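from the sequence below, what's the structure:
(one chain, ligands or ions: 3)
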Amino acid sequence: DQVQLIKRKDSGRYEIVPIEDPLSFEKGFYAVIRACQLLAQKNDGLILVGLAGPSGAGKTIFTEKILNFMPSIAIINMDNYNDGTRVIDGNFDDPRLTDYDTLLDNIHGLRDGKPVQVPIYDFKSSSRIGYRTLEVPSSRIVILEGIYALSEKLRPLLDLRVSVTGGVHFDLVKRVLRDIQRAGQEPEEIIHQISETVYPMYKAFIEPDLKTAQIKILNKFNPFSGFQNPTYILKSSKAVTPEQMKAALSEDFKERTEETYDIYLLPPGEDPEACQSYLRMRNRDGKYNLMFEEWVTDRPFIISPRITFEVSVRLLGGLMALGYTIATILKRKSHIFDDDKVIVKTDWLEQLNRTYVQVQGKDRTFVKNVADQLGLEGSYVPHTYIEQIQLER
Ligand SMILES: Nc1ncnc2c1ncn2[C@@H]1O[C@H](COP(=O)(O)OP(=O)(O)CP(=O)(O)O)[C@@H](O)[C@H]1O
Ligand SMILES: [Mg+2]
Ligand code: NA
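Numbering: from 1, shown residues only. Ligands and ions are numbered 1, 2, ... in the order given. Let me share the structure:
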């Protein structure tokens, strides 16, 4: 865990000695920070670090913890370099999406001290909407975060190669194992076959790059962290119009609309319309998200950690190949007001032909009072949408 430097023979710049042992999330967080402090005291110019890993392993929450610890660093999200015209698919996992010409040019400019125009990618329209000016930050630390941040085209220009594995990406594999395990099967052999089925590109394209990491962070998933800081939801059948929300709520609430499509998946086996733990595939603005449906009902609230990570549609085919079945499809159209801390929205679901109001957030007192501000008392429905269609048979 001791970070030490060694002069890389190809240049005069020093480099971190590879830590062969995988590291904890909290310990890897401190190993990365101290490695940057040492690399910035022994090498001049830009300190570029590649942060690679699968979707869901925790590299996003890793970055936003480094940013809150050090606001003087800049984070570059590698998916902003995507070019939808390169592939005919919409799979974000596809390594053929990144425009390496713009990427490599951006890092050569930042190495020469120049500010560069880094692209901004809108997944809803699947196009590059514009650019943002990124100067070399004060810390001179730039984090390139992406699934292929340790690709062969980027390793010569990286000063530190960090990989993040595990998280909810691996927890889904253990969850599927809990659902489909048969007696006599060696668990490590089934785990391997689950990963090949549900993540058909991890072993081939993603993992080989992660082995070349100098700090290998293994993020062990915590099932109890979600319910420590969960999402509190109040659902109402009242007809609070979006015009009434705009006026009642503060001007800090930003207004937006969206259409989502939820696919509810049941595990294989005979759940007699009960003991049913759903997996939810959500489609929203060009992204597919897998969600775990772990719910507690404290009237009038409904509470859930809302554990979710981005997945390819291929994951749906893999789950169904492993016995998971589609219970129902829920198509909705939503009108959202977002305080960035509290969300007040109205959802219209086609299958119910009804309109519901939803106040959600991580601060339970903030959710209750905002719902009281809209006069929602006496109209609460403490049930999930999938539970409402079940009740209205
Ligand atoms: N050790 C852990 N304990 C609890 N939750 C964890 C976890 N590691 C990862 N997660 C969960 O993983 C989810 C998504 O991971 P995160 O966004 O942090 O990294 P990521 O970039 O790989 C996913 P995405 O690509 O969709 O952004 C979050 O809901 C987070 O709570
Ligand atoms: Mg539901
Ligand atoms: Na069995």
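
where does the spatially most central residue of the chain fall, helix, sheet strand or coil?
If you average the C-alpha coordinates of the chain and look for the closest C-alpha using Cα atoms, centre = their mean, you land on residue 309, 4.2 Å from that point. Judged by DSSP: H, G, I helix; E, B strand; the rest coil, the three-state class of residue 309 is strand.

same thing with residue 270?
Remark: residue 270 carries the secondary structure label coil [criterion: three-state DSSP].

how about the residues of the stretch 151-300 of the chain near ligand 2?
With the criterion set to Cβ under 5 Å from the ion, the stretch 151-300 of the chain never comes near ligand 2. In this view, the C-beta of every residue, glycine as well, is placed from N, C-alpha and C.

where do the strands sit along the stretch 151-300 of the chain?
160-166, 215-219, 231-236, 254-266, 279-284, 288-292, 296-298 (DSSP state E, counting those that start in this stretch).

JSON lines for the ones you listed, including distance to ligand 1 and mean neighbour count?
Shown next, in JSON lines, are the strands of the stretch 151-300 of the chain (distance: least, Cβ to the nearest ligand atom, whole Å; neighbours: other Cβ atoms under 10 Å):
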{"stretch": "strand 160-166", "distance to ligand 1": "7", "mean neighbour count": "25"}
{"stretch": "strand 215-219", "distance to ligand 1": "5", "mean neighbour count": "24"}
{"stretch": "strand 231-236", "distance to ligand 1": "11", "mean neighbour count": "22"}
{"stretch": "strand 254-266", "distance to ligand 1": "16", "mean neighbour count": "15"}
{"stretch": "strand 279-284", "distance to ligand 1": "11", "mean neighbour count": "18"}
{"stretch": "strand 288-292", "distance to ligand 1": "7", "mean neighbour count": "20"}
{"stretch": "strand 296-298", "distance to ligand 1": "17", "mean neighbour count": "11"}
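
go through those strands and name the closest to residue 142.
For these, proximity to residue 142 was assessed by Cβ to Cβ; strand 160-166 is nearest, at 10.9 Å.

hmm, who's touching stretch 30-48?
Applying Cβ atoms under 8 Å, 6 or more residues apart in numbering, the set of residues contacting stretch 30-48 from outside is 1, 3, 5, 13-16, 19, 23, 49, 66, 69-70, 107, 110-111, 113, 136, 139-142, 144, 157-160, 162, 214-215, 217.

indicate the residue of the stretch 201-350 of the chain located nearest to ligand 3.
residue 269 (11.3 Å; Cβ to the ion).

the stretch 51-200 of the chain now?
Sorted by distance to ligand 3 under Cβ to the ion, the residues of the stretch 51-200 of the chain start with residue 183, at 3.2 Å.

measure that residue to ligand 2 for me?
When Cβ to the ion, to the nearest Å is the yardstick, residue 183 and ligand 2 sit 33 Å from each other.

what would the strands of the stretch 151-300 of the chain look like in JSON lines with distance to residue 315?
Conversion of these to JSON lines gives the following (distance: least, Cβ to Cβ, whole Å):
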{"stretch": "strand 160-166", "distance to residue 315": "17"}
{"stretch": "strand 215-219", "distance to residue 315": "19"}
{"stretch": "strand 231-236", "distance to residue 315": "23"}
{"stretch": "strand 254-266", "distance to residue 315": "10"}
{"stretch": "strand 279-284", "distance to residue 315": "8"}
{"stretch": "strand 288-292", "distance to residue 315": "7"}
{"stretch": "strand 296-298", "distance to residue 315": "26"}
